[PDB]
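Data from input35.pdb: PDB, C-alpha atoms
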```
ATOM      1  CA  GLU G 723      -7.955  -0.802  -4.313  1.00  0.00           C
ATOM      2  CA  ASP G 724      -8.093   2.276  -6.541  1.00  0.00           C
ATOM      3  CA  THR G 725     -10.060   1.633  -9.702  1.00  0.00           C
ATOM      4  CA  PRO G 726     -10.680   3.435 -12.994  1.00  0.00           C
ATOM      5  CA  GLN G 727     -13.530   5.941 -13.052  1.00  0.00           C
ATOM      6  CA  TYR G 728     -15.378   7.748 -15.832  1.00  0.00           C
ATOM      7  CA  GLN G 729     -15.360  11.556 -15.963  1.00  0.00           C
ATOM      8  CA  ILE G 730     -18.041  13.556 -17.785  1.00  0.00           C
ATOM      9  CA  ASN G 731     -16.969  16.973 -19.079  1.00  0.00           C
ATOM     10  CA  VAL G 732     -19.730  19.483 -19.856  1.00  0.00           C
ATOM     11  CA  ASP G 733     -18.940  22.480 -22.043  1.00  0.00           C
ATOM     12  CA  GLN G 734     -20.314  25.764 -20.743  1.00  0.00           C
ATOM     13  CA  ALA G 735     -19.655  27.307 -24.144  1.00  0.00           C
ATOM     14  CA  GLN G 736     -21.704  24.823 -26.159  1.00  0.00           C
ATOM     15  CA  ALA G 737     -24.328  24.682 -23.426  1.00  0.00           C
ATOM     16  CA  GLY G 738     -24.856  28.417 -23.775  1.00  0.00           C
ATOM     17  CA  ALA G 739     -24.700  28.130 -27.553  1.00  0.00           C
ATOM     18  CA  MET G 740     -27.632  25.724 -27.436  1.00  0.00           C
ATOM     19  CA  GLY G 741     -29.430  27.679 -24.708  1.00  0.00           C
ATOM     20  CA  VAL G 742     -29.279  24.905 -22.104  1.00  0.00           C
ATOM     21  CA  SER G 743     -28.928  25.550 -18.385  1.00  0.00           C
ATOM     22  CA  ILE G 744     -26.064  24.078 -16.387  1.00  0.00           C
ATOM     23  CA  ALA G 745     -28.518  23.298 -13.603  1.00  0.00           C
ATOM     24  CA  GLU G 746     -30.846  21.633 -16.103  1.00  0.00           C
ATOM     25  CA  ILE G 747     -28.003  19.446 -17.382  1.00  0.00           C
ATOM     26  CA  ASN G 748     -27.114  18.504 -13.807  1.00  0.00           C
ATOM     27  CA  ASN G 749     -30.676  17.575 -12.912  1.00  0.00           C
ATOM     28  CA  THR G 750     -31.103  15.470 -16.013  1.00  0.00           C
ATOM     29  CA  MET G 751     -27.886  13.571 -15.355  1.00  0.00           C
ATOM     30  CA  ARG G 752     -28.702  13.099 -11.678  1.00  0.00           C
ATOM     31  CA  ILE G 753     -32.156  11.615 -12.165  1.00  0.00           C
ATOM     32  CA  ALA G 754     -31.480   9.682 -15.355  1.00  0.00           C
ATOM     33  CA  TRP G 755     -28.292   7.937 -14.197  1.00  0.00           C
ATOM     34  CA  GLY G 756     -28.188   8.179 -10.404  1.00  0.00           C
ATOM     35  CA  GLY G 757     -31.907   7.734  -9.791  1.00  0.00           C
ATOM     36  CA  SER G 758     -33.938   9.608  -7.184  1.00  0.00           C
ATOM     37  CA  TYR G 759     -36.319   8.850  -4.327  1.00  0.00           C
ATOM     38  CA  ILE G 760     -39.426  10.959  -4.928  1.00  0.00           C
ATOM     39  CA  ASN G 761     -42.178  10.240  -2.411  1.00  0.00           C
ATOM     40  CA  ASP G 762     -44.139   7.475  -0.693  1.00  0.00           C
ATOM     41  CA  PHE G 763     -46.988   5.111  -1.457  1.00  0.00           C
ATOM     42  CA  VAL G 764     -48.987   2.553   0.528  1.00  0.00           C
ATOM     43  CA  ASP G 765     -48.612  -1.195  -0.013  1.00  0.00           C
ATOM     44  CA  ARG G 766     -50.958  -3.405   2.011  1.00  0.00           C
ATOM     45  CA  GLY G 767     -51.100  -0.843   4.789  1.00  0.00           C
ATOM     46  CA  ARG G 768     -47.431  -0.015   4.915  1.00  0.00           C
ATOM     47  CA  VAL G 769     -45.781   3.097   3.451  1.00  0.00           C
ATOM     48  CA  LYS G 770     -43.078   2.464   0.846  1.00  0.00           C
TER      49      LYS G 770
ATOM     50  CA  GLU H 675     -53.424   2.609  34.922  1.00  0.00           C
ATOM     51  CA  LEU H 676     -53.847   1.954  38.683  1.00  0.00           C
ATOM     52  CA  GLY H 677     -57.044   3.155  40.393  1.00  0.00           C
ATOM     53  CA  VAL H 678     -60.054   2.799  38.095  1.00  0.00           C
ATOM     54  CA  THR H 679     -59.142  -0.225  35.976  1.00  0.00           C
ATOM     55  CA  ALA H 680     -60.891  -3.332  37.313  1.00  0.00           C
ATOM     56  CA  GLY H 681     -61.446  -4.935  33.972  1.00  0.00           C
ATOM     57  CA  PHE H 682     -59.052  -6.457  31.509  1.00  0.00           C
ATOM     58  CA  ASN H 683     -57.598  -4.674  28.487  1.00  0.00           C
ATOM     59  CA  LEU H 684     -56.711  -6.208  25.098  1.00  0.00           C
ATOM     60  CA  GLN H 685     -55.420  -5.268  21.640  1.00  0.00           C
ATOM     61  CA  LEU H 686     -56.719  -7.177  18.611  1.00  0.00           C
ATOM     62  CA  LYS H 687     -54.189  -6.842  15.774  1.00  0.00           C
ATOM     63  CA  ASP H 688     -54.439  -6.953  11.998  1.00  0.00           C
ATOM     64  CA  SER H 689     -51.177  -8.727  11.376  1.00  0.00           C
ATOM     65  CA  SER H 690     -51.572  -8.920   7.623  1.00  0.00           C
ATOM     66  CA  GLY H 691     -52.780  -5.950   5.587  1.00  0.00           C
ATOM     67  CA  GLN H 692     -56.450  -7.023   5.476  1.00  0.00           C
ATOM     68  CA  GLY H 693     -57.839  -3.512   5.869  1.00  0.00           C
ATOM     69  CA  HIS H 694     -59.900  -1.686   8.451  1.00  0.00           C
ATOM     70  CA  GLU H 695     -63.175  -3.302   7.425  1.00  0.00           C
ATOM     71  CA  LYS H 696     -62.023  -6.867   8.068  1.00  0.00           C
ATOM     72  CA  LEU H 697     -60.497  -5.826  11.351  1.00  0.00           C
ATOM     73  CA  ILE H 698     -63.706  -4.256  12.608  1.00  0.00           C
ATOM     74  CA  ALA H 699     -65.702  -7.224  11.314  1.00  0.00           C
ATOM     75  CA  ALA H 700     -63.487  -9.486  13.424  1.00  0.00           C
ATOM     76  CA  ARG H 701     -63.949  -7.150  16.371  1.00  0.00           C
ATOM     77  CA  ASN H 702     -67.693  -7.394  15.870  1.00  0.00           C
ATOM     78  CA  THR H 703     -67.612 -11.184  15.827  1.00  0.00           C
ATOM     79  CA  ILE H 704     -65.530 -11.227  19.015  1.00  0.00           C
ATOM     80  CA  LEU H 705     -67.894  -8.840  20.792  1.00  0.00           C
ATOM     81  CA  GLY H 706     -70.901 -10.808  19.587  1.00  0.00           C
ATOM     82  CA  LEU H 707     -69.617 -14.079  20.972  1.00  0.00           C
ATOM     83  CA  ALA H 708     -68.569 -12.442  24.232  1.00  0.00           C
ATOM     84  CA  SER H 709     -72.064 -11.021  24.732  1.00  0.00           C
ATOM     85  CA  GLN H 710     -73.245 -14.650  24.882  1.00  0.00           C
ATOM     86  CA  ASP H 711     -70.950 -15.747  27.704  1.00  0.00           C
ATOM     87  CA  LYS H 712     -71.779 -16.106  31.384  1.00  0.00           C
ATOM     88  CA  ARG H 713     -68.357 -15.375  32.901  1.00  0.00           C
ATOM     89  CA  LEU H 714     -67.708 -12.109  30.999  1.00  0.00           C
ATOM     90  CA  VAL H 715     -69.430  -8.781  31.641  1.00  0.00           C
ATOM     91  CA  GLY H 716     -69.752  -5.507  29.775  1.00  0.00           C
ATOM     92  CA  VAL H 717     -67.252  -6.070  26.985  1.00  0.00           C
ATOM     93  CA  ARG H 718     -67.126  -3.127  24.613  1.00  0.00           C
ATOM     94  CA  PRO H 719     -64.839  -1.535  22.043  1.00  0.00           C
ATOM     95  CA  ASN H 720     -62.697   1.273  23.415  1.00  0.00           C
ATOM     96  CA  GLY H 721     -62.555   3.499  20.348  1.00  0.00           C
ATOM     97  CA  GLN H 722     -64.705   5.489  17.949  1.00  0.00           C
TER      98      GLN H 722
END
```
structure tokens encoding of this file:
Amino acid sequence: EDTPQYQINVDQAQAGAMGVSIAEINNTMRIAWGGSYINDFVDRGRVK
Amino acid sequence: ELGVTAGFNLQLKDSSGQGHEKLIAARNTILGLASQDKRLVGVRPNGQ
């Protein structure tokens, strides 16, 4: 079924007023909330 | 795999992540026992 969702609205005007990049805002949101897979490591001989 | 292979071939496996050193120690023990056996001839490791 269709469900409520939350919408984030980012103001270009205030972002420019504070000297913050749209791309920088997007990256911060993406990592902080969505999470990201960065690279690998080895755990008892197996890459993870 | 057909004309020059009279002898047997086997793969000893490190099933748990015990490291290279334990694996080669086990290989060494196997080879050492096999050297002292009448029915087996010329058993060697097949790698560097």
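Selection by the ChimeraX specification (/H :<10) & /G on the present file picks out residues 765, 766, 767 and 768 of chain G.
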ask   = What lies within 9 Å of segment 734-738 of chain G using all atoms listed in the file, ignoring chain neighbours under 5 positions off, as a ChimeraX atom specification?
value = /G:743-744,747
The PyMOL selection byres ((chain H and resi 699-706) around 12) applied to the shown file, residues as an mmCIF file with C-alpha atoms, keeping the file's coordinate frame:
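Printed below is out.cif as written:
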```
data_model
loop_
_atom_site.group_PDB
_atom_site.id
_atom_site.type_symbol
_atom_site.label_atom_id
_atom_site.label_comp_id
_atom_site.auth_asym_id
_atom_site.auth_seq_id
_atom_site.Cartn_x
_atom_site.Cartn_y
_atom_site.Cartn_z
ATOM 1 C CA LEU H 684 -56.711 -6.208 25.098
ATOM 2 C CA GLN H 685 -55.420 -5.268 21.640
ATOM 3 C CA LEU H 686 -56.719 -7.177 18.611
ATOM 4 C CA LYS H 687 -54.189 -6.842 15.774
ATOM 5 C CA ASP H 688 -54.439 -6.953 11.998
ATOM 6 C CA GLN H 692 -56.450 -7.023 5.476
ATOM 7 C CA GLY H 693 -57.839 -3.512 5.869
ATOM 8 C CA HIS H 694 -59.900 -1.686 8.451
ATOM 9 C CA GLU H 695 -63.175 -3.302 7.425
ATOM 10 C CA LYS H 696 -62.023 -6.867 8.068
ATOM 11 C CA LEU H 697 -60.497 -5.826 11.351
ATOM 12 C CA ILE H 698 -63.706 -4.256 12.608
ATOM 13 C CA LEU H 707 -69.617 -14.079 20.972
ATOM 14 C CA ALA H 708 -68.569 -12.442 24.232
ATOM 15 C CA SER H 709 -72.064 -11.021 24.732
ATOM 16 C CA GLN H 710 -73.245 -14.650 24.882
ATOM 17 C CA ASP H 711 -70.950 -15.747 27.704
ATOM 18 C CA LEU H 714 -67.708 -12.109 30.999
ATOM 19 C CA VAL H 715 -69.430 -8.781 31.641
ATOM 20 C CA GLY H 716 -69.752 -5.507 29.775
ATOM 21 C CA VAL H 717 -67.252 -6.070 26.985
ATOM 22 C CA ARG H 718 -67.126 -3.127 24.613
ATOM 23 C CA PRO H 719 -64.839 -1.535 22.043
ATOM 24 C CA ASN H 720 -62.697 1.273 23.415
ATOM 25 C CA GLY H 721 -62.555 3.499 20.348
#
```
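Taking atom CA of residue 740 of chain G and atom CA of residue 757 of chain G as the two end points, the separation is 25.6 Å.
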Could you work out an axis-aligned box for segment 737-743 of chain G, taking every atom the file lists and adding 6 Å on each side, and report centre and edge lengths in Å to one decimal, as AutoDock Vina command-line options?
```
--center_x -26.9 --center_y 26.5 --center_z -23.0 --size_x 17.1 --size_y 15.7 --size_z 21.2
```
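Taking atom CA of residue 758 of chain G as the reference point, atom CA of residue 730 of chain G is found at 19.5 Å.
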request  = Work out how far apart atom CA of residue 675 of chain H and atom CA of residue 722 of chain H are and give it in Å to one decimal.
outcome  = 20.6 Å
